[PDB]
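These notes concern the structure reproduced below.
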Amino acid sequence: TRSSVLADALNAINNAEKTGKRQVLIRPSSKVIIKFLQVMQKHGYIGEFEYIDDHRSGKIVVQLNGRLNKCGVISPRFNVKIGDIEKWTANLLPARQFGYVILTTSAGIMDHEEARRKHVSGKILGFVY
Amino acid sequence: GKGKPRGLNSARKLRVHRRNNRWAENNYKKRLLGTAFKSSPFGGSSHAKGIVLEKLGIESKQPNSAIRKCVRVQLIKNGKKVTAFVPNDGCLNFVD
Amino acid sequence: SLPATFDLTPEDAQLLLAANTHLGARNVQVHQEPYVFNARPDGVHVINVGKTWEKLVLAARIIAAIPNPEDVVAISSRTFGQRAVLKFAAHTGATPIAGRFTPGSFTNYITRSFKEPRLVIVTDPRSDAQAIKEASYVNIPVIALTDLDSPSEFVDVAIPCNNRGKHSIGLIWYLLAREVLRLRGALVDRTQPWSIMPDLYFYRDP
Amino acid sequence: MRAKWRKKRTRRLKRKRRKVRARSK
Amino acid sequence: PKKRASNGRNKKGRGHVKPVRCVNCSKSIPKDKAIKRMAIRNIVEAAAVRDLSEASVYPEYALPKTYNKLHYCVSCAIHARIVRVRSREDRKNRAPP
Amino acid sequence: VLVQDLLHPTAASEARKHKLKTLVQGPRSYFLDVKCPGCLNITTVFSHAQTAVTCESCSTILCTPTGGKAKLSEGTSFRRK
Amino acid sequence: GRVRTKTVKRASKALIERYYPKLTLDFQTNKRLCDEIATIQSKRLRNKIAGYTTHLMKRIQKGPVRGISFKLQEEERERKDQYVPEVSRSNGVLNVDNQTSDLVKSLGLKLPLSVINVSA
Amino acid sequence: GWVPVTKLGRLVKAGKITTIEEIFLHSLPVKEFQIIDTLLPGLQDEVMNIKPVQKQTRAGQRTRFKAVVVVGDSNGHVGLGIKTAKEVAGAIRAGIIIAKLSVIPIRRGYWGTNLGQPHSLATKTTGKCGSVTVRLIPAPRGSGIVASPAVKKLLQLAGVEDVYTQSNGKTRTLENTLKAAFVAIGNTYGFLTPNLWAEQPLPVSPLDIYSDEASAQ
Amino acid sequence: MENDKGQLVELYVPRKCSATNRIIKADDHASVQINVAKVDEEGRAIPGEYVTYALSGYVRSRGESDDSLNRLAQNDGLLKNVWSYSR
RNA sequence: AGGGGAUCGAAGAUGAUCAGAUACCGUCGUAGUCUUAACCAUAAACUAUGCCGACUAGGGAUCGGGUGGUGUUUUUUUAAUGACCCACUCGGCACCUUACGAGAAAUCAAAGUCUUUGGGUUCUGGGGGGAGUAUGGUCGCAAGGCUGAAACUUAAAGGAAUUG
Ligand SMILES: [Mg+2]
Ligand SMILES: [Mg+2]
Ligand SMILES: [Mg+2]
Ligand SMILES: [Mg+2]
Ligand SMILES: [Mg+2]
Ligand SMILES: [Mg+2]
Ligand SMILES: [Mg+2]
Ligand SMILES: [Mg+2]
Ligand SMILES: [Mg+2]
Ligand SMILES: [Mg+2]
Ligand SMILES: [Mg+2]
Ligand SMILES: [Mg+2]
Ligand SMILES: [Mg+2]
Ligand SMILES: [Mg+2]
Ligand SMILES: [Mg+2]
Ligand SMILES: [Mg+2]
Ligand SMILES: [Mg+2]
Ligand SMILES: [Mg+2]
Ligand SMILES: [Mg+2]
Ligand SMILES: [Mg+2]
Ligand SMILES: [Mg+2]
Ligand SMILES: [Mg+2]
Ligand SMILES: [Mg+2]
Ligand SMILES: [Mg+2]
Ligand SMILES: [Mg+2]
Ligand SMILES: [Mg+2]
Ligand SMILES: [Mg+2]
Ligand SMILES: [Zn+2]
Ligand SMILES: [Zn+2]
């Protein structure tokens, strides 16, 4: 059985870019998936996506141009106290200049920089760079 | 993800799994079973003073051919008998 | 910019049907080739030559795009394209390679079968594999003649053709040498049923 | 010695030792 | 390590195949791994077929032969019959010839 | 092939694909008003019957179960509407 | 059983590579050529060198052979070309196949026609 | 007398190409050392390690001498040359030459601010030669190169002033960890960081502009 | 690749493929650069004037150098009907 | 524990071989081999390769199901059929070519999508011997199975590959 639908979409995207391709259909388009694909386009790692409507769980077609090195999901949605968010960025982000480590908080899914801006925290979702 | 369970609630298995698997570490096992005190004629101490029983000359292992001067010592705090080498050529005349 | 009426002329069309280039490969197709138009049963797939013309306009567009037309190469180890490559290299600046390749020609600058072309053309990537996989190591591009079964690996703009036939290898060597000069280089600007005759390349039997 | 023969040698050895202390059972 | 991807001959997805026994030494060998050679040799020889037919009734009516399938054990197969130990990459060629 | 409209594919390539491997799921089975010229008002049958349906008033076998090719014996007419 | 060494063979090709104006098909003439055109060290050596060049030059007047690189042959045959005009284009009007005719009806114009219907 | 083959080798003598950055911009394959020797003559020679290798032959036991040397200015260009000859010198001379061809650029960077003089790297890079995986991590200024003597003196010539190193594998075989650390810095200019997303005009290069200048004969 | 006082530090901004949009580095001696010359009235290919395209060595490797190029030429207008967007 | 016991055949006894020859080769032949009822539960029980899920690549064969037809054959009088041909699709046993990629390598469409390290989950391993030994527990009629140490000893043992 599929366990973390987010991963089955993220990994396909990562696979789809080193393949050279610039389009990939991801399944099965969860609400969390769209609220993640949204944050990536907010920083320009992907382009535009379209929510196909099967009468089933869904489908998404996302166009990525050339800018993502590694998108990823963190399986245990580890709870991150605001005091150790820096500890994550350090472990999985190329440099403190760029790259965002998305997470889920009470204030809604948001990247780490936006999370530090609003001073709110939650569990970690993944990262993108 | 080959191996270990990753769920956020598998902490009990992870800790007991490592506890069990740590027995493969000889330093960890020797320190837990306590061989230092049971085995190991020194009582786990840095040194142990004893009494010399006889002056032995031990043929060196190969590919060497010498006669290592040692002495069989009977630990006073333990009664155990142990053969120990006398370094610093000469020094066998000093054991007495 | 779509340049001109350069699109395939109604007479240049028949110049290819009798030439055998619409009968491409048999029911074999590297998935990399959409150049196949609705196929024909009992065998071979028919090519949509409407692109092959565009292929040559682009091919020639770059062939005659090297400020040193002298250092552009054309190769056919398969002797069908030899009477064609040398005859192509004649109406060019292009330096040819016909016969045996003498591998290690782009690398190993101390060999004297060595060249440094800024563009290269081959007939059958299969037979001339050494050529394409050698350009790979030196940043140089390649224009490829290609049937439906030819491997598009490491090749730049390709040209749908039939490398399994009697005369359709000279057709494009001619049209390439025809449009390479119908482009800058003195030639006829009009319909131009070009002076030289298509039967010139014509790999011979003996 | 062969691997399976070391097994047989050991199996015999334990059978003999097994018997030896059953005398003191 | 392995020196053939089959590690035997012709057996992937069956677990066990009834074993045949070598023609030369009778040693057992799994049918899938036994080298097979069908021996179709006639009752003929170079100069034996002309004597056979002239001084006889039935002026060359049928002329039939011997038909039997042989299975060898690799050890025996290597000794006399077709083994012809190949090279590292020359062995992957299953061309009978 | 590194550029491909996934949203708008050809009505030919998707026609070749599998029932469930299309863009949006869709059953490739239809219905037909089978006309047996022995009765006035005839039945509406499914492409893969699995049941040799019988008409309203008579016993005139029209289909026969198969692997999905409901065989309409008693050569008749029909309509994919 | 005397195959000439490649020392002489390497030399023979290197001279036919640059002295075809000279180097007549006769040994004696070629022999007295080496004493003046080459720096060989012995009669016997240059004798097989010249004696070989002769055989090579004797065959070039028959056809080409591997190793000849005097740059004259490439300018010799690339103009020996331009054979018989029989381009097809009279052949009835035009022979085509059942669907090959439909090929450029999308963008091209009319042309002569012919039908072909085959079966496996 | 230079007398160059590989016409780009003429584009260097004729001073129509002043810096190797053009060569990289269009990735041209350098096939002669005087190119690098002229584009940057202040290269340093540092023989990293000299190891003997032995081969058994039908007529003896050959004992070739393998040498590894790394060249670089100390400003962003290093090459790793390794080869073996029957003599240490000859192997050092040949390898000291190969080290020039191997030269590649090193994209340095800043650790966490914008203040001038880039010391550290832009991202974390991973060298993966053989069995040793070398990893360069951006370290703040005043940290230095934290790595074994060989990797440290390789990055020193690379021009990086502060970087965190973390290796894995059989590091004792330095012939492989040096090649790994090389690929590590070699991968520095492969990270599509956000600043470099800006589309460039894709300039034409000395290949076609000075075409009439190469003009071999 | 700026610095504190606006200067352009971090020399050699590299090339970039147009299909994959990935970096074309120095040791990528498998990449290419094709210059299509600008054509004018009745042939007359304009020399010294091109619209240059660059492809990574990786795309060339997988064989999609040609097919992913027909599209590139058509999205600039130098072919008429060669590569569709669906099949 | 019955039956069966033709065959081949541990044991044993022989004939030959060898310095020796408890063997290999030959002969005899017990148990066995087979079957019923009850046990035993181990095999290099092997793909020396956990399962469920997803993604990533080209290729022609083939098994099963299916769809498509103014395809060929059966001629009956042509269909209906049946078998064959072609194209496609789902699930099989595999093979082939590639390498982006992986690996210490041999090689691997997984053994890939990893220092740019996190889909779910089970199990096992932590230098070599000592030793699967000792000891307890438990299973079995036994033979044995499962669970399973340590003292001491030792600098290598090992893997794939290269040259000889
Ligand atoms: Mg607090
Ligand atoms: Mg253990
Ligand atoms: Mg004593
Ligand atoms: Mg006491
Ligand atoms: Mg021993
Ligand atoms: Mg008793
Ligand atoms: Mg072996
Ligand atoms: Mg088997
Ligand atoms: Mg088995
Ligand atoms: Mg003189
Ligand atoms: Mg050292
Ligand atoms: Mg019996
Ligand atoms: Mg006996
Ligand atoms: Mg013997
Ligand atoms: Mg005897
Ligand atoms: Mg015995
Ligand atoms: Mg017997
Ligand atoms: Mg077991
Ligand atoms: Mg097995
Ligand atoms: Mg497998
Ligand atoms: Mg093992
Ligand atoms: Mg496949
Ligand atoms: Mg049918
Ligand atoms: Mg299948
Ligand atoms: Mg490989
Ligand atoms: Mg590899
Ligand atoms: Mg020792
Ligand atoms: Zn046998
Ligand atoms: Zn009915």
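Letters A, B, ... mark the chains of the structure tokens in the order given; residue numbers begin at 1 per chain; ligand numbers begin at 1, in order shown.
By only C-alpha atoms (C1' of nucleotides), and with residues fewer than 4 positions from range 2-7 of chain D along its chain excluded, the set lying at most 12 Å from it is residues 11, 12, 13 and 14 of chain D; 131, 132 and 133 of chain J.
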_Protein and nucleic acid residues within 10 Å of ligand 27 (only C-alpha atoms (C1' of nucleotides) and all ligand atoms) as a PyMOL selection string_ = (chain B and resi 61-64) or (chain J and resi 155-156)
*So which bits of chain G end up alpha helix (DSSP H) when you DSSP the backbone, as a VMD selection string?*
chain G and resid 6 to 16 27 to 37 43 to 60 74 to 77
*asked:* Could you pull out the strand (DSSP E or B) residues of chain E, going by DSSP on the backbone, and write them as a list in words?
replied: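 Answer for chain E restricted to strand (DSSP E or B) is residues 19, 20, 21, 28, 29, 30, 35, 36, 37, 38, 39, 40, 41, 42, 65, 66, 67, 68, 69, 70, 71 and 72 of chain E.
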*At most 10 Å from ligand 28 (only C-alpha atoms (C1' of nucleotides) and all ligand atoms): residue list as an NGL selection string*: :E and (21-29 or 34 or 71-79)
Residues just named, written with C-alpha atoms as a PDB file, in the first residue's frame:
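Output saved as out-v2.pdb:
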ATOM      1  CA  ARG E  21      21.281 -40.156 -16.109  1.00  0.00           C
ATOM      2  CA  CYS E  22      24.353 -39.858 -18.317  1.00  0.00           C
ATOM      3  CA  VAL E  23      24.793 -42.230 -21.232  1.00  0.00           C
ATOM      4  CA  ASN E  24      28.531 -42.613 -20.594  1.00  0.00           C
ATOM      5  CA  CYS E  25      28.842 -43.035 -16.804  1.00  0.00           C
ATOM      6  CA  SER E  26      25.151 -43.280 -15.705  1.00  0.00           C
ATOM      7  CA  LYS E  27      25.674 -40.342 -13.297  1.00  0.00           C
ATOM      8  CA  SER E  28      22.489 -38.430 -12.541  1.00  0.00           C
ATOM      9  CA  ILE E  29      21.946 -34.979 -14.002  1.00  0.00           C
ATOM     10  CA  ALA E  34      21.935 -32.406 -19.260  1.00  0.00           C
ATOM     11  CA  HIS E  71      21.967 -36.964 -22.421  1.00  0.00           C
ATOM     12  CA  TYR E  72      25.388 -36.528 -20.871  1.00  0.00           C
ATOM     13  CA  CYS E  73      26.798 -35.486 -17.527  1.00  0.00           C
ATOM     14  CA  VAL E  74      28.952 -32.367 -17.779  1.00  0.00           C
ATOM     15  CA  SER E  75      31.978 -34.310 -16.506  1.00  0.00           C
ATOM     16  CA  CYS E  76      31.445 -36.958 -19.201  1.00  0.00           C
ATOM     17  CA  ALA E  77      30.302 -34.350 -21.724  1.00  0.00           C
ATOM     18  CA  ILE E  78      33.588 -32.499 -21.283  1.00  0.00           C
ATOM     19  CA  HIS E  79      35.653 -35.664 -21.791  1.00  0.00           C
TER      20      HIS E  79
END
*asked:* Can you pull out the residues contacting residue 78 in chain H? Cut-off 10 Å, using only C-alpha atoms (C1' of nucleotides), and skip same-chain residues under 3 positions away; I want them as a ChimeraX atom specification.
replied: /H:43-44,70-75,81,99-106,154-159,182,185-186
*Given a cut-off of 9 Å, what residues near ligand 2 show up using only C-alpha atoms (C1' of nucleotides) and all ligand atoms, put as number ranges by chain?*
B: 23-24; J: 125
Output file for the selection above: N, CA, C and O atoms (P, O5', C5', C4', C3', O3' and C1' of nucleotides), as a PDB file, in the first residue's frame:
ATOM      1  N   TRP B  23      25.220  -6.049  21.991  1.00  0.00           N
ATOM      2  CA  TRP B  23      25.967  -7.146  22.585  1.00  0.00           C
ATOM      3  C   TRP B  23      27.046  -7.680  21.652  1.00  0.00           C
ATOM      4  O   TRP B  23      27.913  -8.436  22.104  1.00  0.00           O
ATOM      5  N   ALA B  24      27.017  -7.303  20.372  1.00  0.00           N
ATOM      6  CA  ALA B  24      28.035  -7.726  19.422  1.00  0.00           C
ATOM      7  C   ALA B  24      29.312  -6.910  19.566  1.00  0.00           C
ATOM      8  O   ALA B  24      30.308  -7.211  18.899  1.00  0.00           O
TER       9      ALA B  24
ATOM     10  P     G J 125      22.456 -12.025  14.248  1.00  0.00           P
ATOM     11  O5'   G J 125      23.636 -11.430  13.360  1.00  0.00           O
ATOM     12  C5'   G J 125      24.291 -12.229  12.385  1.00  0.00           C
ATOM     13  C4'   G J 125      25.253 -11.408  11.566  1.00  0.00           C
ATOM     14  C3'   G J 125      26.203 -10.537  12.364  1.00  0.00           C
ATOM     15  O3'   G J 125      27.304 -11.266  12.874  1.00  0.00           O
ATOM     16  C1'   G J 125      25.282  -9.282  10.581  1.00  0.00           C
TER      17        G J 125
END
_Near-ligand residues for ligand 17, threshold 12 Å, only C-alpha atoms (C1' of nucleotides) and all ligand atoms, as number ranges by chain_ = J: 7-9, 25-29
Store the residues picked out above in a file with N, CA, C and O atoms (P, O5', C5', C4', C3', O3' and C1' of nucleotides), as a PDB file, in the first residue's frame.
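Here's the written file part_29.pdb:
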ATOM      1  P     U J   7      15.216 -57.484  -9.660  1.00  0.00           P
ATOM      2  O5'   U J   7      15.109 -56.336 -10.761  1.00  0.00           O
ATOM      3  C5'   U J   7      16.215 -55.499 -11.049  1.00  0.00           C
ATOM      4  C4'   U J   7      15.851 -54.036 -10.983  1.00  0.00           C
ATOM      5  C3'   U J   7      16.880 -53.140 -10.316  1.00  0.00           C
ATOM      6  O3'   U J   7      17.957 -52.798 -11.171  1.00  0.00           O
ATOM      7  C1'   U J   7      14.716 -52.611  -9.506  1.00  0.00           C
ATOM      8  P     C J   8      19.300 -53.684 -11.172  1.00  0.00           P
ATOM      9  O5'   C J   8      20.395 -52.738 -10.506  1.00  0.00           O
ATOM     10  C5'   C J   8      20.655 -51.443 -11.024  1.00  0.00           C
ATOM     11  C4'   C J   8      20.409 -50.375  -9.988  1.00  0.00           C
ATOM     12  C3'   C J   8      21.311 -50.398  -8.767  1.00  0.00           C
ATOM     13  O3'   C J   8      22.583 -49.819  -9.002  1.00  0.00           O
ATOM     14  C1'   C J   8      19.068 -50.110  -8.084  1.00  0.00           C
ATOM     15  P     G J   9      23.877 -50.355  -8.213  1.00  0.00           P
ATOM     16  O5'   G J   9      23.513 -50.144  -6.675  1.00  0.00           O
ATOM     17  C5'   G J   9      23.474 -48.846  -6.094  1.00  0.00           C
ATOM     18  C4'   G J   9      22.983 -48.904  -4.670  1.00  0.00           C
ATOM     19  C3'   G J   9      23.805 -49.778  -3.732  1.00  0.00           C
ATOM     20  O3'   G J   9      24.934 -49.112  -3.196  1.00  0.00           O
ATOM     21  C1'   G J   9      21.527 -50.353  -3.528  1.00  0.00           C
ATOM     22  P     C J  25      33.077 -46.648  -9.094  1.00  0.00           P
ATOM     23  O5'   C J  25      33.788 -47.704 -10.048  1.00  0.00           O
ATOM     24  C5'   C J  25      34.146 -47.378 -11.382  1.00  0.00           C
ATOM     25  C4'   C J  25      34.810 -48.553 -12.050  1.00  0.00           C
ATOM     26  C3'   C J  25      34.087 -49.883 -11.889  1.00  0.00           C
ATOM     27  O3'   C J  25      33.009 -50.068 -12.790  1.00  0.00           O
ATOM     28  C1'   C J  25      36.345 -50.171 -11.309  1.00  0.00           C
ATOM     29  P     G J  26      31.636 -50.719 -12.263  1.00  0.00           P
ATOM     30  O5'   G J  26      32.002 -52.252 -12.031  1.00  0.00           O
ATOM     31  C5'   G J  26      32.403 -53.072 -13.118  1.00  0.00           C
ATOM     32  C4'   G J  26      32.703 -54.484 -12.679  1.00  0.00           C
ATOM     33  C3'   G J  26      31.639 -55.169 -11.838  1.00  0.00           C
ATOM     34  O3'   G J  26      30.555 -55.660 -12.605  1.00  0.00           O
ATOM     35  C1'   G J  26      33.761 -55.541 -10.877  1.00  0.00           C
ATOM     36  P     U J  27      29.092 -55.779 -11.951  1.00  0.00           P
ATOM     37  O5'   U J  27      29.222 -57.005 -10.942  1.00  0.00           O
ATOM     38  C5'   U J  27      29.544 -58.304 -11.415  1.00  0.00           C
ATOM     39  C4'   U J  27      29.762 -59.268 -10.277  1.00  0.00           C
ATOM     40  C3'   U J  27      28.633 -59.364  -9.266  1.00  0.00           C
ATOM     41  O3'   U J  27      27.556 -60.173  -9.706  1.00  0.00           O
ATOM     42  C1'   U J  27      30.694 -59.187  -8.127  1.00  0.00           C
ATOM     43  P     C J  28      26.043 -59.753  -9.363  1.00  0.00           P
ATOM     44  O5'   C J  28      25.845 -60.243  -7.861  1.00  0.00           O
ATOM     45  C5'   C J  28      25.958 -61.619  -7.531  1.00  0.00           C
ATOM     46  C4'   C J  28      26.146 -61.830  -6.050  1.00  0.00           C
ATOM     47  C3'   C J  28      25.047 -61.295  -5.148  1.00  0.00           C
ATOM     48  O3'   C J  28      23.914 -62.146  -5.091  1.00  0.00           O
ATOM     49  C1'   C J  28      27.156 -60.695  -4.265  1.00  0.00           C
ATOM     50  P     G J  29      22.433 -61.537  -5.236  1.00  0.00           P
ATOM     51  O5'   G J  29      22.220 -60.727  -3.882  1.00  0.00           O
ATOM     52  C5'   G J  29      22.384 -61.361  -2.623  1.00  0.00           C
ATOM     53  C4'   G J  29      22.612 -60.351  -1.529  1.00  0.00           C
ATOM     54  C3'   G J  29      21.581 -59.242  -1.431  1.00  0.00           C
ATOM     55  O3'   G J  29      20.392 -59.651  -0.778  1.00  0.00           O
ATOM     56  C1'   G J  29      23.728 -58.295  -1.360  1.00  0.00           C
TER      57        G J  29
END
*Using only C-alpha atoms (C1' of nucleotides) and all ligand atoms, which protein or nucleic acid residues are at most 7 Å from ligand 29, as a ChimeraX atom specification?*
/F:53-55,58-62
*When you get a sec, could you note down which chain A residues fall within 9 Å of chain H, using only C-alpha atoms, as a VMD selection string?*
chain A and resid 44 66 to 69 93 to 99 129
*Pick out the chain I residues within 6 Å of chain C. Count only C-alpha atoms. Give them as a PyMOL selection string.*
chain I and resi 29-32+36-37+42-45+60-63+65-66+77-79+82
Please save N, CA, C and O atoms of the selected residues as a PDB file, in the first residue's frame.
ATOM      1  N   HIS I  29      32.825  17.764 -21.997  1.00  0.00           N
ATOM      2  CA  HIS I  29      33.324  17.807 -23.359  1.00  0.00           C
ATOM      3  C   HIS I  29      32.445  17.034 -24.312  1.00  0.00           C
ATOM      4  O   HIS I  29      32.853  16.760 -25.444  1.00  0.00           O
ATOM      5  N   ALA I  30      31.231  16.715 -23.858  1.00  0.00           N
ATOM      6  CA  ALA I  30      30.231  16.004 -24.632  1.00  0.00           C
ATOM      7  C   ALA I  30      29.111  16.926 -25.079  1.00  0.00           C
ATOM      8  O   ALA I  30      28.339  16.556 -25.970  1.00  0.00           O
ATOM      9  N   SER I  31      29.013  18.115 -24.487  1.00  0.00           N
ATOM     10  CA  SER I  31      28.017  19.101 -24.864  1.00  0.00           C
ATOM     11  C   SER I  31      28.352  19.634 -26.256  1.00  0.00           C
ATOM     12  O   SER I  31      29.387  19.302 -26.843  1.00  0.00           O
ATOM     13  N   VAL I  32      27.481  20.479 -26.801  1.00  0.00           N
ATOM     14  CA  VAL I  32      27.681  21.033 -28.132  1.00  0.00           C
ATOM     15  C   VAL I  32      27.211  22.483 -28.167  1.00  0.00           C
ATOM     16  O   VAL I  32      26.682  23.023 -27.192  1.00  0.00           O
ATOM     17  N   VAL I  36      23.058  28.283 -36.122  1.00  0.00           N
ATOM     18  CA  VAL I  36      22.219  28.264 -37.314  1.00  0.00           C
ATOM     19  C   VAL I  36      22.355  29.650 -37.932  1.00  0.00           C
ATOM     20  O   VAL I  36      22.050  30.656 -37.283  1.00  0.00           O
ATOM     21  N   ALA I  37      22.818  29.717 -39.176  1.00  0.00           N
ATOM     22  CA  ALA I  37      23.018  31.018 -39.795  1.00  0.00           C
ATOM     23  C   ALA I  37      21.692  31.620 -40.226  1.00  0.00           C
ATOM     24  O   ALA I  37      20.757  30.915 -40.612  1.00  0.00           O
ATOM     25  N   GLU I  42      16.220  35.036 -51.048  1.00  0.00           N
ATOM     26  CA  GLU I  42      16.686  34.066 -52.047  1.00  0.00           C
ATOM     27  C   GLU I  42      17.997  33.382 -51.653  1.00  0.00           C
ATOM     28  O   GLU I  42      19.015  33.483 -52.342  1.00  0.00           O
ATOM     29  N   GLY I  43      17.961  32.672 -50.527  1.00  0.00           N
ATOM     30  CA  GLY I  43      19.157  31.987 -50.076  1.00  0.00           C
ATOM     31  C   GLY I  43      19.968  32.997 -49.303  1.00  0.00           C
ATOM     32  O   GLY I  43      19.489  33.542 -48.309  1.00  0.00           O
ATOM     33  N   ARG I  44      21.195  33.255 -49.745  1.00  0.00           N
ATOM     34  CA  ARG I  44      22.032  34.277 -49.133  1.00  0.00           C
ATOM     35  C   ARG I  44      22.162  34.090 -47.621  1.00  0.00           C
ATOM     36  O   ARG I  44      21.747  34.935 -46.830  1.00  0.00           O
ATOM     37  N   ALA I  45      22.729  32.962 -47.213  1.00  0.00           N
ATOM     38  CA  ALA I  45      22.884  32.728 -45.785  1.00  0.00           C
ATOM     39  C   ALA I  45      23.830  33.781 -45.224  1.00  0.00           C
ATOM     40  O   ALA I  45      24.976  33.900 -45.664  1.00  0.00           O
ATOM     41  N   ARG I  60      22.326  14.844 -25.422  1.00  0.00           N
ATOM     42  CA  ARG I  60      22.890  14.216 -26.611  1.00  0.00           C
ATOM     43  C   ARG I  60      23.089  12.723 -26.388  1.00  0.00           C
ATOM     44  O   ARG I  60      22.883  11.913 -27.298  1.00  0.00           O
ATOM     45  N   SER I  61      23.484  12.350 -25.169  1.00  0.00           N
ATOM     46  CA  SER I  61      23.748  10.955 -24.826  1.00  0.00           C
ATOM     47  C   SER I  61      22.500  10.089 -24.950  1.00  0.00           C
ATOM     48  O   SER I  61      22.523   9.042 -25.606  1.00  0.00           O
ATOM     49  N   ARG I  62      21.403  10.499 -24.313  1.00  0.00           N
ATOM     50  CA  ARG I  62      20.188   9.694 -24.359  1.00  0.00           C
ATOM     51  C   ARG I  62      19.547   9.652 -25.740  1.00  0.00           C
ATOM     52  O   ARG I  62      18.521   8.982 -25.903  1.00  0.00           O
ATOM     53  N   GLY I  63      20.119  10.335 -26.728  1.00  0.00           N
ATOM     54  CA  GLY I  63      19.595  10.321 -28.074  1.00  0.00           C
ATOM     55  C   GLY I  63      18.494  11.312 -28.351  1.00  0.00           C
ATOM     56  O   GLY I  63      18.037  11.398 -29.498  1.00  0.00           O
ATOM     57  N   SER I  65      18.769  14.405 -28.516  1.00  0.00           N
ATOM     58  CA  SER I  65      19.343  15.650 -29.006  1.00  0.00           C
ATOM     59  C   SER I  65      18.599  16.135 -30.240  1.00  0.00           C
ATOM     60  O   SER I  65      18.347  17.335 -30.391  1.00  0.00           O
ATOM     61  N   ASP I  66      18.247  15.211 -31.134  1.00  0.00           N
ATOM     62  CA  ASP I  66      17.540  15.563 -32.360  1.00  0.00           C
ATOM     63  C   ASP I  66      16.070  15.886 -32.109  1.00  0.00           C
ATOM     64  O   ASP I  66      15.607  16.984 -32.429  1.00  0.00           O
ATOM     65  N   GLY I  77      10.871  29.564 -34.889  1.00  0.00           N
ATOM     66  CA  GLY I  77      10.403  29.781 -36.244  1.00  0.00           C
ATOM     67  C   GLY I  77      11.335  29.472 -37.399  1.00  0.00           C
ATOM     68  O   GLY I  77      11.394  30.263 -38.344  1.00  0.00           O
ATOM     69  N   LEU I  78      12.062  28.356 -37.375  1.00  0.00           N
ATOM     70  CA  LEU I  78      12.951  28.074 -38.499  1.00  0.00           C
ATOM     71  C   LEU I  78      12.751  26.664 -39.056  1.00  0.00           C
ATOM     72  O   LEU I  78      13.714  25.953 -39.344  1.00  0.00           O
ATOM     73  N   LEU I  79      11.487  26.268 -39.220  1.00  0.00           N
ATOM     74  CA  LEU I  79      10.980  25.021 -39.800  1.00  0.00           C
ATOM     75  C   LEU I  79       9.488  25.304 -39.987  1.00  0.00           C
ATOM     76  O   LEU I  79       9.006  26.350 -39.545  1.00  0.00           O
ATOM     77  N   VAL I  82       7.274  20.089 -38.288  1.00  0.00           N
ATOM     78  CA  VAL I  82       8.181  18.971 -38.068  1.00  0.00           C
ATOM     79  C   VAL I  82       7.844  18.186 -36.806  1.00  0.00           C
ATOM     80  O   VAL I  82       7.712  16.957 -36.839  1.00  0.00           O
TER      81      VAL I  82
END
*asked:* So that I can see what lies close to residue 20 in chain F, please list as a PyMOL selection string the residues with an atom at most 12 Å from it, counting only C-alpha atoms (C1' of nucleotides) and leaving out residues fewer than 5 positions away in the same chain.
replied: (chain A and resi 54+56) or (chain F and resi 14-15+25-28) or (chain J and resi 89-90)
Using only C-alpha atoms (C1' of nucleotides) and all ligand atoms, what table do you get, as a Markdown table, when you list each residue of chain J with an atom no more than 12 Å from ligand 21, its nearest pair of atoms, and their distance in Å rounded to one decimal, rows by chain then rising number?
| residue | atom | partner | partner_atom_place_in_ligand_line | distance |
| --- | --- | --- | --- | --- |
| J:44 | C1' | ligand 21 | 1 (Mg) | 11.4 |
| J:46 | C1' | ligand 21 | 1 (Mg) | 11.8 |
| J:48 | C1' | ligand 21 | 1 (Mg) | 6.5 |
| J:49 | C1' | ligand 21 | 1 (Mg) | 10.5 |
| J:124 | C1' | ligand 21 | 1 (Mg) | 11.6 |
| J:125 | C1' | ligand 21 | 1 (Mg) | 10.1 |
| J:158 | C1' | ligand 21 | 1 (Mg) | 11.0 |
| J:159 | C1' | ligand 21 | 1 (Mg) | 10.2 |
*Write out as a ChimeraX atom specification each polymer residue (protein, DNA or RNA) that has an atom no more than 9 Å from ligand 6, with only C-alpha atoms (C1' of nucleotides) and all ligand atoms counted.*
/D:22-25
